[PDB]
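Asks:
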DNA sequence: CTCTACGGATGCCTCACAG
DNA sequence: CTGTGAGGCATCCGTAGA
């Protein structure tokens, strides 16, 4: 009860008709799907291969009943032909299987990524193999209206060109040094036992459960732990613990807790998710499961940035990491405010600027603490917080001893004013980025309206940089390793180091050039043998 | 508007057991 | 012969802890 091609040819050793390859002559695109025996590319086999050519029954290669390599020759040609688009559903899975089975492939259109982009993160056997192979032709036709027709053109085309870089990143993985891992685990464990012993001595109770909040609270009350104001401790929250630093017990307790979360929540949890036959971890990246459109990962961005932890990630033998970052990509995206644009054009830092406005100092007299405070003020107020919320956010995440009257002065102290007033007045629910990626709110939130275009444009820029990088790296067999925040990490042989550095820089600069017309980005790049070298 | 893990705390649910 | 405290886990839940 539809118009999806449901007839098919079946290819085996007994009926192989060479003339079938004449269907491949002068085609531009075709729907491609496969059927496998399971989910693990290393443990499973390809049961079927489906190729749907327009107006023809699907050519189905029965791989469990094919043993002459010649039968797949014309197939390999289609796969190798850089001028034939392969339309696929779940392109990573099929490409993974084809690569593991020594098939080369290039030019892919994954209809699932495009459909997920039509959704804008709103979250609203042979006959089957034939209809699923041939439906791709019509998805290709319609989803490619939703290329050039839509202005969602830009993002749909770029994510679609980004399909291959994402497969590259997940398939290359990143190698883990288990030595330093278990080592640091034993270290933090010995520090934890030192904490436990020295604190149960400090708690005047050797049998108290240091992991039981009630027992620790009772011991502290018994120990009569009081602050400078002689007030007995009432709760064990770290914020309250900050008020009792005059006692060595709060010292040791906060220490043991920090080391405990570090050890159990990380040193003890991390080994539970690793691959073995390759000693590589292959995490799962979600493309469109965040509100902004940034990448997410599961089973890398929640990994601590401290060099103590990031030193565990190393390149393969004879290779080296190349790490690149955008310098303040979000704020430049926001600028793209007259004062702000002129400052950016004079290469004046936005946080130094805000520090000079709050403190009334001149830019040469602004110190790092001034810039840190200005950073917190900028991220809090630019994204729509009020001074009460600002005080709490600042003290919580930046550890600042500001007063309510101060944050209120900060709040009260032309482009940004106009844009904020426009957002307040319109109270709109639909917003878009410079790629014209779009979102519709369930209700109006000033702060989410301010936050969405910046992060979504950052996502667009990084993804286009990954697309250019993936195309530019083939010549030197470059490997895409990682993308976090506004930074990318690649792994390359050491002899192409500086060349890949330029490729990476030009991959990111051209991407920035596609979106920013009034401001120039800055790329910080380093050559490293570990991920901790950047820090 | 949360989420996650974690132990401690509830909270019934059910089975061997001694009267 | 048969209700029953006990135990015996089995999860659910609070709050950190983000």
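Residue numbers (my numbering): 475 to 1009.
We put the CB at the ideal spot given by N, CA and C, even for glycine.
1. Answer with buried or exposed for residue 925, where buried requires no fewer than 16 other C-beta atoms within 10 angstroms of its C-beta.
2. Could you name each continuous beta strand (DSSP E) segment of 3 residues or more that falls completely within the region 546-573, going from the start of the chain to the end?
3. Helix, strand or coil: how does DSSP classify residue 935 here?
4. Using a Cβ-Cβ cut-off of 7 Å (strictly less than) and excluding sequence neighbours within five positions of residue 942, which residues of its own chain qualify?
5. Smallest Cα separation from residue 883: which of 842, 832 and 932?
6. What number of angstroms, rounded off, separates the C-alpha of residue 817 from the C-alpha of residue 885?
7. Quick one: complete alpha helix (DSSP H) runs, 4+ long, within the region 638-726?
8. For the candidate residues 487, 496 and 533, whose alpha-carbon lies nearest to that of residue 481?
9. Let me know the secondary structure DSSP gives residue 930 once reduced to three states.
10. At a cut-off of 7 Å, is residue 499 close to the ligand SAH when judged by its beta-carbon and the heavy atoms of the ligand?
11. To which residues of the same chain is residue 669 closer than 7 Å at the C-beta, ignoring the five residues directly before and after it?
12. Within this structure, are the beta carbons of residue 630 and residue 644 separated by less than 8 Å?
13. Taking residue 989 as the reference, which of 1003, 488, 931 and 998 has the closest Cα?
14. Please state whether DSSP places residue 746 in a helix, a strand or coil.
15. To the nearest angstrom, report how far apart residue 601 and residue 494 are at their CA atoms.
16. In the DSSP output, what is residue 798 paired with across the bridge?
17. Check residue 977 in the structure and name its three-state DSSP category.
18. Going by Cα to Cα distance, which pick from 797, 804, 654 and 706 is closest to residue 745?
19. Hey, quick one: how far does the beta strand (DSSP E) through residue 509 stretch, first residue to last?
20. Between the C-alpha atoms of residue 549 and residue 606, what's the straight-line distance to the nearest angstrom?
21. Does the distance from the C-beta atom of residue 706 to that of residue 688 stay below 8 Å?
22. Starting from the N-terminal side, write out each stretch of the alpha helix (DSSP H) that is 4 residues or longer and does not extend beyond the region 578-606.
Replies: Answer, in terms of the structure:
1. As a first step, residue 925 is located in the first chain; it is residue number 451 there, counting from the start. The residue in question, residue 925, is buried, as its Cβ has 16 or more Cβ neighbours within 10 Å.
2. 559-562
3. Sequence index remark: in the first chain, residue 935 carries index 461 (1-based). The answer is helix: DSSP assigns residue 935 an H, G or I state.
4. On the first chain, residue 942 is found 468 positions in, with the first residue counted as 1. Cβ within range, chain order: 981, 984 and 985.
5. By one-based count along the first chain, residue 883 stands at place 409. Taking only the C-alpha atoms, the option nearest residue 883 is 832.
6. Residue mapping note: residue 817 aligns to position 343 of the first chain, counting from 1. Residue mapping note: residue 885 aligns to position 411 of the first chain, counting from 1. Those two C-alpha atoms are separated by around 21 Å.
7. 652-676, 687-697 and 712-715
8. The residue given as residue 481 occupies position 7 in the first chain. Of 487, 496 and 533, the residue nearest in Cα terms is 533.
9. Here residue 930 refers to the residue found at position 456 of the first chain. The answer is helix: DSSP assigns residue 930 an H, G or I state.
10. The ligand SAH is not part of the structure shown, which contains no ligands of any sort.
11. Looking up residue 669 in the first chain gives position 195. Cβ neighbours of residue 669 beyond the five flanking positions: 726, 729, 730 and 733.
12. Along the first chain, read from residue 1 onward, the residue named residue 630 stands at position 156. Along the first chain, read from residue 1 onward, the residue named residue 644 stands at position 170. Not a contact, by the Cβ cut-off of 8 Å.
13. On the first chain, residue 989 is found 515 positions in, with the first residue counted as 1. Closest by alpha carbon: 931.
14. Within the first chain, the letter at position 272 stands for residue 746. Reduced to three states, the DSSP call for residue 746 is helix.
15. What you label residue 601 is simply residue 127 of the first chain in a count that begins at 1. What you label residue 494 is simply residue 20 of the first chain in a count that begins at 1. Cα to Cα, residue 601 sits roughly 19 Å from residue 494.
16. Translated into positions along the first chain, residue 798 becomes position 324. Looking at the DSSP assignment, residue 798 forms a beta bridge with 962 and 999.
17. Reading the first chain from its first residue, position 503 is the one you call residue 977. Helix.
18. Within the first chain, residue 745 is the residue found at index 271, counting from 1. Selected option, being the one with the closest Cα: 654.
19. Position 35 of the first chain, counting from 1, holds the residue named residue 509. Here the beta strand (DSSP E) through residue 509 covers 503-510.
20. Stepping through the first chain from its first residue, residue 549 is reached at position 75. Stepping through the first chain from its first residue, residue 606 is reached at position 132. Computed Cα separation, rounded: 18 Å.
21. For the purposes of this step, residue 706 is identified with residue 232 of the first chain, where counting begins at 1. For the purposes of this step, residue 688 is identified with residue 214 of the first chain, where counting begins at 1. No.
22. Whole alpha helix (DSSP H) segments, 4+ residues: 585-592.
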